């Protein structure tokens, strides 16, 4: 029954940073137990056509003005002049299947009214009250209704579709998304990590190799009345430590409050997680941001921008319904009055050619599409067939021609490979990250997690902290937080 000072479950960035902090503080005899055959967790870099590398999990350093993880990276690059990231924010190109490009349009002025909708939402909630949540969709309808006298038909038709790019930030359809949580305050530009794995490896490299135990799935954690904690890997292995920092995803941890021990990733807690933790799961959920990588032979399209969003189909009928609806109740009725296509929801494409010089498109998708697409990620023919219409429309707007299917080995773009994410089906992630359905209050979880199960059983991860909640750097900071409190306690 090997004795350890600290047992960290999960080798994601939280777990990795927690072990880093522990070592950095002189603490010895710690362990990092990871279920998968790799470290990184939701930070994973995959290889595709010709050795091209892509981050299939997180790709950006957000809030570069305050992001501690980013500043740390930025310093290294200032000292050795090595390119670790690239600021790739750009003027968004918006594409409708019909009206073509609708961005920066002298008549539509979509970005302008979008800015107003944003201020409208802020005014709607920033106004401290028992305001009451609703879906993001309902919030946009309420905006259209209140400002219809000041909007053209075209604005009422396309604005709603254009503002849905926010779905790609939460990984949720606007009808499943909480209005109160939709608008986040970006604190500066984003920086595209040129290998998030290099961030993972650098932190992993900061502590004892022998501390890492890969392919070990923790099944249960027990608190001994005799002040200490017992942990069981699935392969018989048993440990007992003074402290444990649990970093498994909110979705995996959620399995704990359910009866059935035979679930890949689920941990049996003894005593079971306190009611404040269990109940918090009813107040926060999990989104499904997913990715699809489209690799072409050569860059043969306009690199006017690295940011392109394809709007879902809209209809003149909708405008009419908005002009004639006498109120929000009636609007929903009139709206209620087939089958999902690549045009049934907005899709977000990153033109990597401009940003990194690679002839590939990194596309983001949201729930429910992500689940369906990830489910057929092996049927490459079906994937191409599904994304062909939009891939073409984009090439059309970027001065190129229809895409050619070259997946089974001049001016025409030829698709070589297609890589799809698998976060919703992977038992050790079960989705992308924490997100809010309407009525959800993310603070309940953050409080319950950061206050721990008890003095010895702690938590870290993107879902356990306010600043950078959902983000890689937030997960990172939570790792540091828990390790610091513990190294201080061990210091005594």
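Residue numbers count along the first chain shown, from 1. Throughout, rigid core stands for the largest set of C-alpha atoms superposing within 1.5 Å between the two forms.
Student: Fitting on the rigid core only, I'd like to know which of the two stretches, 281-289 or 168-176, ends up farther away in Cα terms in 8 other deposited structures of this protein.
Tutor: Looking at 281-289 versus 168-176 in 8 other deposited structures of this protein, the farther one turns out to be 281-289.
Student: Once the rigid core is matched, which of the two stretches, 328-336 or 92-100, lies farther off on average in 8 other deposited structures of this protein by C-alpha?
Tutor: More C-alpha displacement in 8 other deposited structures of this protein shows up in 328-336.
Student: Per the entry, how many residues of the deposited chain go unmodelled between residue 409 and residue 410: none, 1 to 3, 4 to 9, or 10 or more?
Tutor: Missing in between: 4 to 9 residues.
Student: Could you tell me how many residues of the deposited sequence sit unmodelled between residue 337 and residue 338 (none, 1 to 3, 4 to 9, 10 or more)?
Tutor: Gap between residue 337 and residue 338: 4 to 9 residues without coordinates.
Student: Check the entry's C-alpha temperature factors for 426-434 and 43-51, then say which stretch has the higher mean.
Tutor: 43-51 has the higher mean C-alpha B-factor.
Student: Between 479-487 and 11-19, which has the higher average C-alpha B-factor in the PDB entry?
Tutor: Comparing 479-487 with 11-19, the higher average CA B-factor belongs to 479-487.
Student: Using the entry's values, work out which of 415, 109, 277, 177 has the largest Cα B factor.
Tutor: Most elevated C-alpha B-factor of the set, per the entry: 415.
Student: In this PDB entry, which of 285, 372, 266, 223 has the top CA B-factor?
Tutor: Answer for 285, 372, 266, 223: 223, with the highest C-alpha B-factor.
Student: Considering only modelled residues of the same chain, in which third does the CA B-factor of residue 64 rank: lowest, middle or highest?
Tutor: Middle third - that is where residue 64 ends up once the chain's C-alpha B-factors are sorted.
Student: Lowest, middle or highest third of the chain for the C-alpha temperature factor of residue 452?
Tutor: It belongs to the middle third of the chain when residues are ordered by C-alpha B-factor.
Student: Report the third (lowest, middle or highest) to which the CA temperature factor of residue 467 belongs, ranking only the modelled residues of the same chain.
Tutor: Its C-alpha B-factor belongs to the middle third of this chain's values.
Student: Which third of the chain holds residue 304 when residues are ordered by C-alpha B factor: lowest, middle or highest?
Tutor: For residue 304, whose C-alpha B-factor we compare with every modelled residue in the chain, the answer is the highest third.
Student: Quick one: classify residue 136 as lowest, middle or highest third of the chain based on its Cα B-factor.
Tutor: As the PDB entry reports it, the C-alpha B-factor of residue 136 lands in the lowest third of its chain.
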